[PDB]
Structure formats: structure tokens, C-alpha cells
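**Student:** Before anything else, here's the structure in question.
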Amino acid sequence: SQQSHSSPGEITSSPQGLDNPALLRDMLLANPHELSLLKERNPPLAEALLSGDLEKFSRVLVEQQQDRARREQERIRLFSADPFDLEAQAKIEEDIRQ
């Protein structure tokens, strides 16, 4: 089947839970496929997840984002206009537990 996709300016929506490691950790723990690719492709972020500690998961998440960004900047300078996250899920979190 012939298909197409749109290219709106939503190229910057952090859809992979980049801004919310708490939610991403939760999704990953609940998702055996995603957690599996994660241990295959990214073992240091994965081991942080396996440990349960959101603090290490988040800490490594930022370190990985810095390392992604170092190379990604070189790639996006060539071309960058492909979104995949039409649902672009977001949440508002709070911790008013005293």
C-alpha cells in the first residue's frame, strides 16, 4: 500500500519521555519489547532501568541525551524534517504528598 506522512513543525516535542524519565521508566518496565531493545541498543540506560531506581534512570537519561545531541547536531545539519509522534503524548505531574 502506498502511504505518506506529513511534516509539521512538531520536530521538537520530546515524545520519547525525554523530559519525563519517570513516565518513560514506567512504560519501559511495562513493555517487554521496548525494555529488550533498550538493553540491546543502550545497556547503560537499560541497567539503570533494571535497577528500578528512577534517580539512576533519570541521571543516565540526561547523560545519554547529551551524548545523543553531540552527534545528532552533525546529522540534522544535513537534513531534519521527519516526525513520528502525531499523538505527542504529554502529562502534568505533581507531588503534593505533604
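Each chain in the C-alpha cells gets a letter, A, B and so on, in the order shown; residues start at 1 in every chain, and ligands are counted from 1 in the order they appear.
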Applying 9 Å and only C-alpha atoms, which residues near residue A:89 remain after dropping the ones on its own chain fewer than 5 positions away? List them as number ranges by chain.
**Tutor:** A: 13, 15, 17
**Student:** Create the file for the chosen residues now, containing C-alpha atoms and written as a PDB file, in the first residue's frame.
**Tutor:**
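out_8.pdb, freshly written:
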```pdb
ATOM      1  CA  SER A  13       8.054  17.556  21.103  1.00  0.00           C
ATOM      2  CA  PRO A  15       7.878  12.323  22.632  1.00  0.00           C
ATOM      3  CA  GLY A  17       9.628  10.692  27.526  1.00  0.00           C
TER       4      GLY A  17
END
```
**Student:** Using DSSP assignments from the backbone, pull out every residue in stretch 11-86 of chain A that falls under helix (DSSP H, G or I) and give it to me as a ChimeraX atom specification.
**Tutor:** /A:21-30,32-41,43-50,54-76
**Student:** Keeping only C-alpha atoms, take the residues you just selected and write them out as a short mmCIF file (atom, residue, chain, number, x, y, z; two decimals), in the first residue's frame.
**Tutor:**
```
data_model
loop_
_atom_site.label_atom_id
_atom_site.label_comp_id
_atom_site.auth_asym_id
_atom_site.auth_seq_id
_atom_site.Cartn_x
_atom_site.Cartn_y
_atom_site.Cartn_z
CA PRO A 21 12.10 9.89 32.82
CA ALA A 22 9.56 8.88 35.46
CA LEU A 23 6.94 8.08 32.82
CA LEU A 24 9.43 6.53 30.42
CA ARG A 25 10.79 4.24 33.14
CA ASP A 26 7.22 3.20 33.88
CA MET A 27 6.40 2.48 30.22
CA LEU A 28 9.64 0.57 29.76
CA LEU A 29 9.03 -1.60 32.82
CA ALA A 30 5.58 -2.40 31.44
CA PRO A 32 8.93 -6.23 27.36
CA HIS A 33 9.84 -5.36 23.74
CA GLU A 34 10.96 -1.82 24.49
CA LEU A 35 12.94 -2.85 27.55
CA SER A 36 14.60 -5.55 25.42
CA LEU A 37 15.69 -3.21 22.64
CA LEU A 38 16.90 -0.90 25.28
CA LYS A 39 19.23 -3.48 26.83
CA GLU A 40 20.42 -4.42 23.33
CA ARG A 41 20.98 -0.90 21.95
CA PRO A 43 22.97 -1.13 28.03
CA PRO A 44 23.93 1.72 30.39
CA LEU A 45 20.43 3.28 30.26
CA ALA A 46 18.97 -0.19 30.44
CA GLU A 47 20.85 -1.28 33.60
CA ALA A 48 19.56 1.86 35.29
CA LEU A 49 16.01 0.71 34.46
CA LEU A 50 16.67 -2.87 35.63
CA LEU A 54 14.35 6.39 38.93
CA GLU A 55 17.26 8.53 40.11
CA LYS A 56 19.83 6.47 38.17
CA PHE A 57 17.43 6.06 35.25
CA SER A 58 16.99 9.85 35.03
CA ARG A 59 20.69 10.55 35.62
CA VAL A 60 21.72 8.26 32.78
CA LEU A 61 18.85 9.58 30.64
CA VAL A 62 20.39 13.07 30.70
CA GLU A 63 23.91 11.73 30.07
CA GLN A 64 22.57 9.78 27.10
CA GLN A 65 20.72 12.85 25.80
CA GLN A 66 23.95 14.89 25.96
CA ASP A 67 25.77 12.17 24.01
CA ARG A 68 22.92 11.87 21.51
CA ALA A 69 22.95 15.62 21.00
CA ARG A 70 26.69 15.72 20.34
CA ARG A 71 26.33 13.54 17.20
CA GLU A 72 22.72 14.41 16.35
CA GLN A 73 23.68 18.03 15.70
CA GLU A 74 26.03 16.88 12.94
CA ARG A 75 23.29 14.78 11.32
CA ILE A 76 20.47 17.35 11.49
#
```
**Student:** How many Å separate atom CA of residue A:6 from atom CA of residue A:85?
**Tutor:**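 Separating atom CA of residue A:6 from atom CA of residue A:85 is a distance of 10.9 Å.
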**Student:** Return the single residue from A:98, A:93, A:78, A:42 that is closest to residue A:19, with distances computed using only C-alpha atoms.
**Tutor:**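 So, comparing all the options, the nearest one is A:93.
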**Student:** I'd like the interatomic distance between atom CA of residue A:8 and atom CA of residue A:90, to a tenth of an Å.
**Tutor:**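 Straight-line distance from atom CA of residue A:8 to atom CA of residue A:90 works out to 17.8 Å.
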**Student:** Could you jot down the atom CA of residue A:92 to atom CA of residue A:7 separation for me, Å, one decimal place?
**Tutor:**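 Atom CA of residue A:92 sits 26.3 Å away from atom CA of residue A:7.
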**Student:** Pick the closest to residue A:91 from A:14, A:77, A:51, A:31: which is it, counting only C-alpha atoms?
**Tutor:**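 For residue A:91, the nearest of the candidates is A:14.
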